[PDB]
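Naming follows writing order (A, B, C and D), and every chain is counted from residue 1.
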Amino acid sequence: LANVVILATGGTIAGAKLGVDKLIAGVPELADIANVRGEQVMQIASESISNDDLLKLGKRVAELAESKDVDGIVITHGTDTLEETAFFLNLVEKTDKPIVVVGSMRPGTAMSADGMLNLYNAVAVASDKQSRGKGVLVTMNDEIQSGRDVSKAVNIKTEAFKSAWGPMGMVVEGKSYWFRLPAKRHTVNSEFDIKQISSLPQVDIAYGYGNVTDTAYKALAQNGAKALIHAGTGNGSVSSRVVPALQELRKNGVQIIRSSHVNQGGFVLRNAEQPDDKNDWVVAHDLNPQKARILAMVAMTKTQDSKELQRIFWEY
Amino acid sequence: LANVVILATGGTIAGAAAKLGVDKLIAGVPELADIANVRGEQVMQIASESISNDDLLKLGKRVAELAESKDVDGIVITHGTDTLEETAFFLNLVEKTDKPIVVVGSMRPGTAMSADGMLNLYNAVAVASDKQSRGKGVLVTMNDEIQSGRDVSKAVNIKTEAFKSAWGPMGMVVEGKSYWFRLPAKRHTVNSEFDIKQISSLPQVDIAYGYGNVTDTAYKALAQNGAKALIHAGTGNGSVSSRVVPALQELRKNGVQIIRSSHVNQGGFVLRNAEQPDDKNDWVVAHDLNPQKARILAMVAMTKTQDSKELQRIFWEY
Amino acid sequence: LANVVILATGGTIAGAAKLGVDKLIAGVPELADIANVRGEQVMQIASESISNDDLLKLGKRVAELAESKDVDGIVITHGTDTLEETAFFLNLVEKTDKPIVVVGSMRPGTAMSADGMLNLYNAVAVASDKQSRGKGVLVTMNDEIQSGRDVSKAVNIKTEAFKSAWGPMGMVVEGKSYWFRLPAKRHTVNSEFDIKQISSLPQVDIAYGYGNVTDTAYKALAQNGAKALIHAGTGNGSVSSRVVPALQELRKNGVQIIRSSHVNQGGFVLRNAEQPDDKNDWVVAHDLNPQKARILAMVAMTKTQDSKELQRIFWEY
Amino acid sequence: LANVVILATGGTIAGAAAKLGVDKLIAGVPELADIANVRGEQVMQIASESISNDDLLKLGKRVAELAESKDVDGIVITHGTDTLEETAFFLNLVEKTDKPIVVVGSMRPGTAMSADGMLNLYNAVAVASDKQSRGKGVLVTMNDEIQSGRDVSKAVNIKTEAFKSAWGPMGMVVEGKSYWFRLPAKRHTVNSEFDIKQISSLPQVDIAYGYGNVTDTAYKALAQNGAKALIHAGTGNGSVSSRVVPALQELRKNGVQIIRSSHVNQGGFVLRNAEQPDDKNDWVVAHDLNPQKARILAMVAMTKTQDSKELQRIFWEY
């Protein structure tokens, strides 16, 4: 049987009160499908995660990917920032070993609680040869989702996690069924490595909407942001009122990254709504504002060149 | 034939955004003359991502004058897509009329191959001319759909199907004809307690985003710059970082309404007292409304009340 | 507390369709907090094998419970395969404002993370709720309140199996109902149809359109007693060259021809667009998928044989 | 510039359906000259709902000779939307080439307002011309998307977003540029074991629907009239009424393959041995393939094997 480690971090799947040992006891069928062992990396509500928490989780994952005693890794996590952690690990963990991030929308105490099967399915996928080299996976709602572009898109319901580019597969009675492969750079073919990463630069997000001002953009840069993800309307559109503040912030050395709150499909096109070449801005392509923040943080451990940041938004 | 007035505000539907005047928009769709007697007004000429609260008030005031005119049966607003959903919701809350109000944009300018603007405008006029549209609240007619101005949202970039609601389209418009499948359940227009006739100004409301390692910085800065309500665009169920809760409690003590929305915009809603102790903090949940919609309702509402219980009731009924 | 009766019909919700209604209820003790619940076993079937006579029996029992002063709301537990056919049929023929809720599960209560427990809780919560009065028949899976009219089994395996092209009308969360849309189409109290009057349904069958299809399924189904054929066409109810002559002669010999599609996620079949329905005296099924259009074709033909009245019905329900 | 040949077959994309020649389709998109050296051929002029197996063989042999030509870089087929998905999957199985093959149609004719054909055709040529398309299998380029011809389906009537896949678009095409976000996982084109150069005819495969009170009649008449496989378009997970199981045991006993598909088409798939005992019956499940797509794959598989176990492998790899 495969050797799988579960790194627990908290979340509703642990309602964040249960320790990894009771999560494992909760799903006795795990022993039918893998030799499982757990660690408690942290116990948090994922809306409260820090950059310190990600670095600790990422270092611990790498240590396990380097052990020959570990065939696959499952991370139990809060749903609220599951997508951010999943994408982070996709960029920085240079391993073909299966990494599965999994949450639940209900606590194990609720009627029809989703955690038990989610965790069974995360271990099955963590144990499957088909998962090797696929990059980071999320195994909720009987789907295999890419950790790059899966997002918490529906509140309350168990089908919370969607990608604009579709599920890559499904998992049913412990069996993995593939229908698509990834096209963007991940894990083994990533240029980033958590091994070379000691700290993450500060990246914040400001929201675009009618009558918005430059207040959040200025205040976030004054308080440490090295890049601002603009969560614009439409195709990363920027108010004529705020454009001059973004110009001034870029000259001031802040990367201006044009994402959107248009998250079910499509992508932000360079030079369409704003003269990005002229302003030395970047477009976040299809990536939603919290995903763009992660790719921006990870990329700026390696470069501050707006041209290289654009290539990285076009490749990951 | 109904008397339909087209109010032009700009947008890609008038693009080469916001370069063609209403008379060339109308002259580009000669078939309008078959379904209605149309006339045009230029209310403004803007890229809608650049809208001000001043422009919104101006539009709500002009719509109100046309609605009470006996020579007007329906009103079409041509508009940029980027904040179409904000304007549509605003009109839905403040125009106390039964007459059809339709907001319409296009994802492609009229010069582009396979431009969506001509059929969109034809459909908007058809819908605004139709007795079925009366009393339905503000409607949006893109991609052959009749969408509620309340909860339809620009959810897909680039593609002509950009506008979605979590609760589906209410109907379709095909070859000029409206087909209804659902009716609105939330208060609007005729049955709203709000009225543009009594609204001349709007309180400042701003939005801040929730994500990993977020700080209280944006909330504090926005409140220092005049925000009377902060929309929290939370992760998950309006969830709030432990590092941010202290600042939201101070800001509420200071008289700033705290309204928990989310960036989980495909379905579901934010539940009172689930992720945060709203009753304890005297906060409001925004129910199913996305952050930009919650802003529009928050600021229409606070023309009338600062009581957080009334604001919660409004977020549950509108 | 509301008085709610559960009628059990089978389905994976009752899987180990092997569990009696008394076990289903006991397996959700929380039902005691939200209603006074009684169970009856109407039948114990896999819903893929349901018959017209199952439908009438279930409908006639629902009508008797609706007429009773001691019943506030009704829940039917049902297999998911034809849940959408039963829910539409009940929406057409039950003349009552009392809540009727149809419910199944995609996994048996024996499975890890079984969905049947919360589904039944939700069905009783919604059947108990005054908000449900006058709304027509409802389906309460995946935390949603779906219209029985146009909800369909659209996704295999997963618990979000039920979708409507027109979206969920609401949700049910911790036993409370949250409404966002109202039905537009005729249902229940405003229906011209009544299960009280119906003794037996006309025979109605369905044939599929596809490349290189022939007229064979259509003639064989009519030859074995179909009074109406639901064409499950490509595209906008499109009909092959090769099939149009056989459908014209069937119509000529009194078989109703109803143009549906296997294009089910949205849109509708438009009269006179792909085929000259006025000339052929055919009918379009509007938005209704083939199995839905079959239900409505059965109910409609208990009243009329006039193709124009059938088209009016397919435009109103 | 790339050499792209357009094989025209009819459809709404050529409507005044199937009335304009390939020259008029080329002339109505003058910008194609900017992106490729385009040449055409009228293969047939039909409403795609009337297509035959003869039409498919002739089109697959045409596509094969052109792909074999060193003066052709990519191929575009202009087609009716009703059976576009069947043709596309057919070609993705039988055309052993890394050269781009794009099937395209339109939901509105080019005379309608905001007609979708011009941009769809431009995009099909752009993708057919793109080095990124080589090796990807057959593509469909409608609604600014790049869809796999394997599993894209006409899922929405009337609207230009008609074509969807359960597994999402692979990419998008915007201002003639291709943007990829997934790759195919299933066997196609060059790694197919099937080849149009070896196929002179197709076995007869027919489709029958499952629903309440369904009987065995359709299954028996279709087999009596020549079917060698029946595609069972079941409720749920390929479920079969107990009124019908006996009839299908009989037909399989008499050599007719029985392939369990479903009318549950937005997601999941039909699981072997779950709803019916397929090992015991010697039946095949269609996996994620919808009934019309299952038929295509059955027909093509049945030109190389009558072994139900080999057919099931094929349903699992393609």
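In this text, contacts are C-beta pairs under 8 Å (C-beta built on N, C-alpha and C of every residue); 3 or more make two chains touch, one makes a residue touch a chain.
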Relative to chain C, largest Cα-centroid distance belongs to chain A
Whole-angstrom distance, CA centroid of chain B to CA centroid of chain D, is 40
Distance between the CA centroids of chain C and chain D (whole Å) is 30
Chain centres from averaged Cα atoms put chain B and chain C apart, in whole Å, by 35
Multi-chain contacts in chain C, i.e. residues touching at least two other chains, fall at 143, 157-158, 171, 173, 266-268, 270
Listed by label, touching pairs are A-B, A-C, A-D, B-C, B-D, C-D
Residue set of chain A touching chain B in the complex reads 45-51, 54, 78-81, 84-85, 152-157, 160, 162, 204-213, 215-216, 218-220, 223, 231-235, 237-241, 260-269, 273, 288-290, 293-294
Given the complex, residues on chain B that touch chain C span 151, 165-172, 174-175, 179-186, 267-269, 271, 287-288
Seen from chain A, its contact residues with chain C in the complex are 27, 29, 110-118, 120, 141-143, 156-159, 170, 172
